[PDB]
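Asker: pasting the sequence and an experimental structure:
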Amino acid sequence: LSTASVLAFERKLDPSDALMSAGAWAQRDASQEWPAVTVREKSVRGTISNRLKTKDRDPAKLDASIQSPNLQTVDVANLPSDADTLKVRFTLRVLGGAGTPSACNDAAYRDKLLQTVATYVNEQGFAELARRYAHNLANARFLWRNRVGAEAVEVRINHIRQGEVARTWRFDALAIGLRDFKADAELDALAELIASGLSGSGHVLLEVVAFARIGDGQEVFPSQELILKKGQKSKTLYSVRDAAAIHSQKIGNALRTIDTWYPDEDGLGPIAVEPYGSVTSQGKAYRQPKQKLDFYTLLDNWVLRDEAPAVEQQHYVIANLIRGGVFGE
Amino acid sequence: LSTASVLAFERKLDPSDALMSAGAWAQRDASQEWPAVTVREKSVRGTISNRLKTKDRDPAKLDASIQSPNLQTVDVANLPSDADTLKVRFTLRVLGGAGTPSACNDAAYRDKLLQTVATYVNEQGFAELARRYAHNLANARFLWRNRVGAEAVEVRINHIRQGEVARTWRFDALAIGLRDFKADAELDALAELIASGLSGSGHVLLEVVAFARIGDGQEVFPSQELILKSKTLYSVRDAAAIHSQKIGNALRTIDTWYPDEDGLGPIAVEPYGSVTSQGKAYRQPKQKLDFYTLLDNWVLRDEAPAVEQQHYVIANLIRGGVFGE
Amino acid sequence: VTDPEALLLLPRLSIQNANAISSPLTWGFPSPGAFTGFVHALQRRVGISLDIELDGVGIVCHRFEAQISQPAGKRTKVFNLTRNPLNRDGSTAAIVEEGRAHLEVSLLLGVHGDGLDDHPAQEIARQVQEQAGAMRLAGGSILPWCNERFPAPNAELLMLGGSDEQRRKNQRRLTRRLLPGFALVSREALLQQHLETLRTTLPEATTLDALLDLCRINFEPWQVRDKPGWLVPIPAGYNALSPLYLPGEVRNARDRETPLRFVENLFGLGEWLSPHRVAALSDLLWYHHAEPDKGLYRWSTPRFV
Amino acid sequence: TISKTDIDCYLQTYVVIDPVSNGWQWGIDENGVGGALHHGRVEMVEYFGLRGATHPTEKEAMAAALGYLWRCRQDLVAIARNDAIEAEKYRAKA
Amino acid sequence: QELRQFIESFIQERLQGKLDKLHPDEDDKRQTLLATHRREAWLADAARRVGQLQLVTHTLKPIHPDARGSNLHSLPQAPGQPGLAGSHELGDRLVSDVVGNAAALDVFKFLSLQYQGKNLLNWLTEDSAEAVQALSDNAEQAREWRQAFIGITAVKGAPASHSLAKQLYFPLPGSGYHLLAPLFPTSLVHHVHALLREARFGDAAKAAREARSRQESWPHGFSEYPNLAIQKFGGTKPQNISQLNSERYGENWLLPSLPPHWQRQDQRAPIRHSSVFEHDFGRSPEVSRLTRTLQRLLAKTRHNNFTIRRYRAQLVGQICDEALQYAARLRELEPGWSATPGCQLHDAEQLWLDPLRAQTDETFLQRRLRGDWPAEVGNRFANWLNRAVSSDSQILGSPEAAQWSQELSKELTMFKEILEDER
DNA sequence: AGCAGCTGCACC
């Protein structure tokens, strides 16, 4: 009747830290002994390229600043001179129990919410969302900056059931682009596996490897840390067990960018699934609450006022419930 | 319409760390198994060649200029005694997407910037910038102190299409000067390939090798490390190398349009275009010809500068960096 | 508390982003109350269908890597954070400080109930291991362990299943399977001994724990004074401030069928021993103790000394 | 007005002075605790041992350690100066 | 009424700074600063301004700062069960935290104006001459302002935890749960941080560190507090969270609960050196501070033997503990590191360190590793551990060396007993 | 011509 004062949803489609190794192409068959790339602190000499704030100063000091070099120490990680292939490996744990909340004040809100999610999974199964997630794993969207100049990316996904593999998939990640959502047989099979895993019967284990032919001795990019003036490291790179790696949240945002239904020129591309759907690279928060298409108003319009959005906005609401969140008034 | 607080631009034209080996001339073709030039730590015994301080000019402590062998230890890289040719090898990737930022806080400024860069590429394509990058490849400016006395320098550029060669260029770095941008057919073909990579019609990864004929036993110069001994040369896997930022600075020396007396030579592309080794910064912000004033006049106020200034602005966008409030 | 009829060894558990902040004052290893709550939750999920009551858990901590950075120019350390999305119009949110740490800890917990007689001899351990994987341990997901070289099986050993030398042989064979790590035990009596010898007409406030936590190089006519072992302050349960409220009384509650109490932390000592100087692996097991009318919602290892 | 002894108050804890069979060897401690058992880690020079001369008197080895700290390892001196500024800012407070 | 001059000082020292921090050149805006922020309409608005609560050990703002629950003022009941402590249920009394709106904190700054103590002014229940100093025009509005200042500093509203605070179940003995919503104890985190600031930046530590820089004696000693961590609650302005969060800006100053081996990652195999006890065991990072402290302890007085013999025994127990853990963690490198042709064979110690090598070379090693019974590897360890003694005739002539050999032989017998059942 | 929501704003 009234809204639940607390509401929470645990995260499904669990990613992991993706370890990165180096090795040559056409050796992807026995690609299990590859040495991992390490982070290295190198010191650089550059110029003063930032724009100046001419307040309470003199032109002589800032002019002698821009004539003087800038001494920094950064952290980089590059492939060796006999290795042009970056191998990015991670584990995906698709849990199950999609629409079941993890916190609720009222019994009435929980009853009505499980009723509406039940009518959703009856009348439209996890078929668009699973195809969208399997396409986001099909292209190397998790290899964020290592894909902008790669000649070819080969993605192998193995389904590990009890102690070993049972099904292998081998995708070419550039044919399946970053904007189109088509229907293939092996992609529909992978979407069927993710659909069977999201419904509570089991928690399925996928292992994903990605071979990217970047260039001989070129630069690869792990993720940078958020640390909030001489001898200080400006750029710190992520490396777990002395091996360079990307965060789990970066991979989650990468394989979560499937939202192609947003009311301000949705043909630019799929964006991240979020309440007040925001792309931090663009700075613009689509699905504005001034418009009637945010997650909160659509959810409590579905479960409290018995109205219903279209087929697309409820797919967005169910995908936000799959992602997780902490809401409540 | 105002300038974004965060504006980030990714580097196009990414080179690799250039590795050094040694061998003989007339074996340039089968130069695959050439032994790598190794940095050796040596100790030298010198004198006091610095000017004396206000404290070291005393009468009883004037012995520093008299009795001081000064006992230093440095790093040194030389050629083997039966080899007169130094080989420097690196890979150069050119990406494309020159005017699209990687981070922004205002999307109206982003659409204005994309419209401005598309207006540029529609009117003035990547014909001058790719020609200047190809001329900085065709002469071995990547060999910084390794070119200054060499009897014969030859560069060789291969196109890595799938895993192997698609096109071979074999340029003489001593016929092509270091201060003028002339014309040639193969240089124009390399400029067309670099422009095709920079515009986005293909993937360009080149293999650039360079032979400098120094002579037997001579001193070759790799990059010197910055330490935040007093001389530490750079080496990856026990082989002397040049840094990728020095190689990228060698191909960024395309700026023959600046507010100074530009009859001297090309400089590197920087905002407030600075040669800190010469101590003078051209394109000072007092004269309205640095990158920020032209970018805030072209995007915000629709005041287009001259075509050479547009070339310099697009080159500064290719270099990338942190622009914003 | 009660004595176990069997001990269940979960092998080397890998946790990706655990809560390195375990208190308002102590950082590092997570609270052991998180581990006891994990075993209680695993009893709620899988302990009921097998008829096993699961209490008491050991903590062996094979390795620990905290996502911290020392700033250049300061002695102390700060945390590597993650980035949050925009609020409503496009603006960077207020950053919340959450410490993260990669952990590898294996568990030994106490099977106590009447669900194993002779028939499900090893299936109980496998089912608890398959239910423990799709859970969390300190706020972080347990790693799936995809195929690298060889797996790590579960174990179930009955302390009553054999004679005295069978008890010692099975304990020696089990304690080698958790050997690269360090067990965490609770030492309340030692801290009370230190408070007894320290309080010589000078009152204490909290110095009995921060004095064992520091390193002093004080002089007795340098020298650095030493202790046996590694004595760390750990959060040993909660304490009550609020007189307890009805289930449907406090607004913005987590549920309205469980009484709420506003609580504060507690701080005690812990030692990181070896797996082979405890004389019984039926110890190291972390239990609850409520005494709900007073507060003092505590957790500790009993029957140790 | 921070003298060298005010920085030397907080720089001293990165050294350790071990009496050996011939004299007073010294070494550098990374954690800044005096080279203790549980919390600290003292770096050993490569034979393995402390990076110090065998001074007869303890004042000589302490001065050699602290002069080598001031001469070579400037980041430790920076940490000691960052502590020494607040050491008198705390007196300026109370 | 001697409070009145101290009162009219503070409003002037506020309004001067409000005029100065404006950069004024136009618009004639300062007149309202002369009108309101000089007279006692400031006092009427200070009576109007609320949000402040005068807490002690209960804040909900350090846990997700956009969460408005209930904040309390109660010291927890003194526990009789010994072994732990969670609050300042002892000396070094509280610091009276206050949570509220950041614009309203000038009212608390006026309350804490230390005219002969701020305890009898913030909780101004016992004032007699201050009343007519609050209003030197009447006696009605003076009592009204006194009640408005001292009454709002103890008020609750309703218990809440605004869906972003923590509340975690606790299993009861029989059956049932309690909800257990915790709070951040800012007075206790103030007091611990103040002790940690007094032990380092104080006068006594500055005095007793100068004596150590000079190798002296002095009345006392000092401490260090290693491996602290900073957790900064306020992002850029800490006034939103607490006044105590502004006095200790960010600066949680947490204490380490780490494992012993946390910053000790190293992966190496002793393929080069023959004997592994003399080399790469002393070169291990943790064993060196055990062995050097054992050399420090094996030359001392034997008068108070009951504690020093216990410490000397436990320091050898830790050494054999690390000795077993070395072989335990060397089984993660490879199943075999001795099958390759090497300059040093060193099979006597590598049969202990390569157990899965017998799984590979199942022909001769399967008979030889179970037929030879390697149990003299502890004797090689004892010859290395004998160099942890000092070469002094005074300790060698007495009978305490026989006691040292007794405890070392007992612990090495336990070591050999564990090493016997390694097959 | 009177309400509830939203947004800009003031202050520390």
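Answerer: On my side now, so go ahead. Numbers count the residues shown, from 1 in each chain, chains lettered A, B, ... in the order given.

Asker: all the strands of the stretch 1-150 of chain C, residue numbers only.
Answerer: Taking DSSP state E, counting those that start in this stretch, the strands of the stretch 1-150 of chain C run over residues C:6-19, C:26-28, C:54-59, C:63-66, C:68-69, C:78-79, C:100-111.

Asker: out of those, nearest to residue C:271?
Answerer: strand C:54-59 (11.7 Å; Cβ to Cβ). From N, CA and C alone the C-beta is placed, and that goes for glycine too.

Asker: counting contacts, what elements does the closest one pack onto?
Answerer: In terms of contact count using 3 or more Cβ pairs under 8 Å, 6 or more residues apart in numbering or on different chains; DSSP states H and E, strand C:54-59 is assigned the packing partners helix C:32-42, strand C:100-111, strand C:183-186, strand C:287-289.

Asker: measure the closest residue to DNA strand F within the stretch 201-329 of chain A to residue A:305 for me?
Answerer: Relative to DNA strand F, the nearest point of the stretch 201-329 of chain A is residue A:290 (5.1 Å; Cβ to the nearest atom of the strand). Residue A:290 sits 19 Å away from residue A:305, taking Cβ to Cβ, to the nearest Å as the criterion.

Asker: go on, residue E:236?
Answerer: Taken as Cβ to Cβ, the span from residue E:236 to residue A:305 is 40 Å.

Asker: DNA strand F is nearest to which of the helices and strands packed on strand C:54-59?
Answerer: Here strand C:100-111 is closest among these (Cβ to the nearest atom of the strand), at 30.6 Å.

Asker: what lines up beside the closest one in the sheet?
Answerer: Strand C:100-111 pairs in its sheet with strand C:6-19 (antiparallel), strand C:54-59 (antiparallel), strand C:63-66 (antiparallel), by DSSP bridges.

Asker: any idea how far the shortest one is from the middle of the chain?
Answerer: Meaning strand C:63-66. 15 Å (Cα atoms, centre = their mean, to the nearest Å).

Asker: the residue in the stretch 151-300 of chain E that DNA strand F sits nearest to: what's it in contact with?
Answerer: Nearest residue of the stretch 151-300 of chain E to DNA strand F: residue E:239, at 4.9 Å (Cβ to the nearest atom of the strand). With contact taken as Cβ atoms under 8 Å, 6 or more residues apart in numbering or on different chains, residue E:239 is in contact with E:102, E:105, E:245-246.

Asker: try it again at 7 Å.
Answerer: E:102, E:105, E:246 (Cβ atoms under 7 Å, 6 or more residues apart in numbering or on different chains).

Asker: please pick the buried ones from these.
Answerer: Among these, the ones that count as buried by 16 or more other Cβ atoms under 10 Å in any protein chain shown are E:105, E:246.

Asker: got the contacts of residue E:239 as CSV, with distance to residue D:71 and secondary structure columns?
Answerer: Formatted as CSV, the contacts of residue E:239 follow (distance: Cβ to Cβ, whole Å; DSSP: H, G, I helix; E, B strand; the rest coil):
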residue, distance to residue D:71, secondary structure
E:102, 48, helix
E:105, 49, helix
E:246, 41, helix
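
Asker: of the contacts of residue E:239, which is the nearest to chain A?
Answerer: Lowest distance from chain A to the contacts of residue E:239 (Cβ to the nearest Cβ) belongs to residue E:246, with 17.4 Å.

Asker: can you report how many residues lie near the residue nearest to that closest one when sequence neighbours are not counted?
Answerer: Distance criterion Cβ to Cβ, 6 or more residues apart in numbering or on different chains; nearest residue to residue E:246, sequence neighbours excluded, is residue E:238 at 4.7 Å. Number of residues near residue E:238 (other Cβ atoms under 10 Å in any protein chain shown) recorded here: 20.

Asker: is it correct that residue E:238 is in contact with residue E:248?
Answerer: No: the criterion here is Cβ atoms under 7 Å, and residue E:238 misses it with residue E:248 at 8.5 Å.

Asker: for the residue located most distally from the centre of chain C, give me its contacts.
Answerer: Distance from the centre of chain C peaks at residue C:89, with 41.9 Å (Cα atoms, centre = their mean). Contact analysis of residue C:89 by Cβ under 7 Å, 6+ apart lists residue A:285.

Asker: ranges for the strands of the chain?
Answerer: If you meant another chain, say so; for now it's chain A. All strands of chain A, identified by DSSP state E, fall at A:7-9, A:18-23, A:40-46, A:70-76, A:85-94, A:103-104, A:153-160, A:165-172, A:204-213, A:245-246, A:257-259, A:271-272, A:325-327.

Asker: switch to chain E, that's the one I care about
Answerer: E:170-171, E:177-178, E:181-182, E:255-257.

Asker: try chain D
Answerer: D:15-19, D:24-28.

Asker: state the distance from whatever residue of the stretch 51-200 of chain E ends up closest to chain D to residue A:58.
Answerer: With Cβ to the nearest Cβ as the measure, residue E:197 is the residue of the stretch 51-200 of chain E nearest to chain D, at 6.7 Å. Applying Cβ to Cβ, the value for residue E:197 to residue A:58 is 39 Å.

Asker: what does chain D have sitting close to chain E?
Answerer: Proximity of chain D to chain E, by Cβ under 7 Å from any Cβ of the partner chain, involves residues D:5, D:8-9, D:12-13, D:18, D:21, D:31-33, D:35-41, D:44, D:48, D:58-59, D:62, D:86-87, D:90.

Asker: what do you get if the cut-off is 8 Å, keeping everything else the same?
Answerer: Within chain D, the residues that sit near chain E (Cβ under 8 Å from any Cβ of the partner chain) are D:5, D:8-10, D:12-13, D:17-18, D:21, D:31-42, D:44, D:48, D:58-59, D:62, D:66, D:83, D:86-87, D:89-91.

Asker: DNA strand F is nearest to which of the strands of the stretch 1-150 of chain C?
Answerer: That would be strand C:78-79 among the strands of the stretch 1-150 of chain C, by Cβ to the nearest atom of the strand, at 24.5 Å.
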